[PDB]
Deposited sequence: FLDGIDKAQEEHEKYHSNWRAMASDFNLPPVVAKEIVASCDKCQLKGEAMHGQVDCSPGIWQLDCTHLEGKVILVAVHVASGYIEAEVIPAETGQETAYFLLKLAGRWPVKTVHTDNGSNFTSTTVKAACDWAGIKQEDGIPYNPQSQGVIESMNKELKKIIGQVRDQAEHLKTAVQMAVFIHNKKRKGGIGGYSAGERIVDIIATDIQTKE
């Protein structure tokens, strides 16, 4: 397995995967996988149509985060300002991407604006986890901020890592694999 050690180290240097991930992906003894994490300075050892939206802030920038409740898959974007126009545009992209039937926000004046109500009307979305998810997202951003000049890039690096490089559960899937399985199954029924 000695060849896999350099591969796992490059994997962790980009995505900061945990030791179970590296042990399984690169056929490493757990003792070796844990040493990669311990050596790293940045680390230590529902219905399918429901989404949650919230705005969080980092480095004086607004990050719009959507979470597929049933899977944990997230989409996020740095927006120029916390406005309903930016939220409506965001919802319209998401809605053409996945089956978005219901969206849960706080009563933020961006989520209650008429521009957003107009967007949900057009896209056929009803309006009516995310906090624990902003925490996890900001954690990943911190691990990778050094790899990006601008925050917007780090944010998208973090989303990539959460959806694809953070596996778990009975199936051992990532959140990206889960949402695809959940929606694909919902089609068949």
| property | result |
| --- | --- |
| Chain regions without C-alpha coordinates, deposited sequence numbering | 46-55, 139-149, 211-212 |
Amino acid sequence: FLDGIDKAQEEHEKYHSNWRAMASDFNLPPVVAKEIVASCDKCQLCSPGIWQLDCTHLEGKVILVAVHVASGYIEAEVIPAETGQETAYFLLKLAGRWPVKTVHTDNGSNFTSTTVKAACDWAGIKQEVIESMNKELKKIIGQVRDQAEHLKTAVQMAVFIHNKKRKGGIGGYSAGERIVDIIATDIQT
From here on, numbers count along this sequence of modelled residues.
{"property": "Higher-scoring stretch by recorded Cα B factor average, 100-108 or 115-123", "result": "100-108"}
{"property": "Mean C-alpha temperature factor, higher of 65-73 and 133-141", "result": "133-141"}
{"property": "Given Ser47, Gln52, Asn163, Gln156, the residue at which the Cα B factor reaches its maximum", "result": "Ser47"}
{"property": "Among modelled residues of the same chain, the CA temperature factor third for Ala38", "result": "highest"}
{"property": "Modelled-residue ranking by C-alpha temperature factor, third containing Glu10", "result": "highest"}
{"property": "Among modelled residues of the same chain, the CA temperature factor third for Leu58", "result": "middle"}
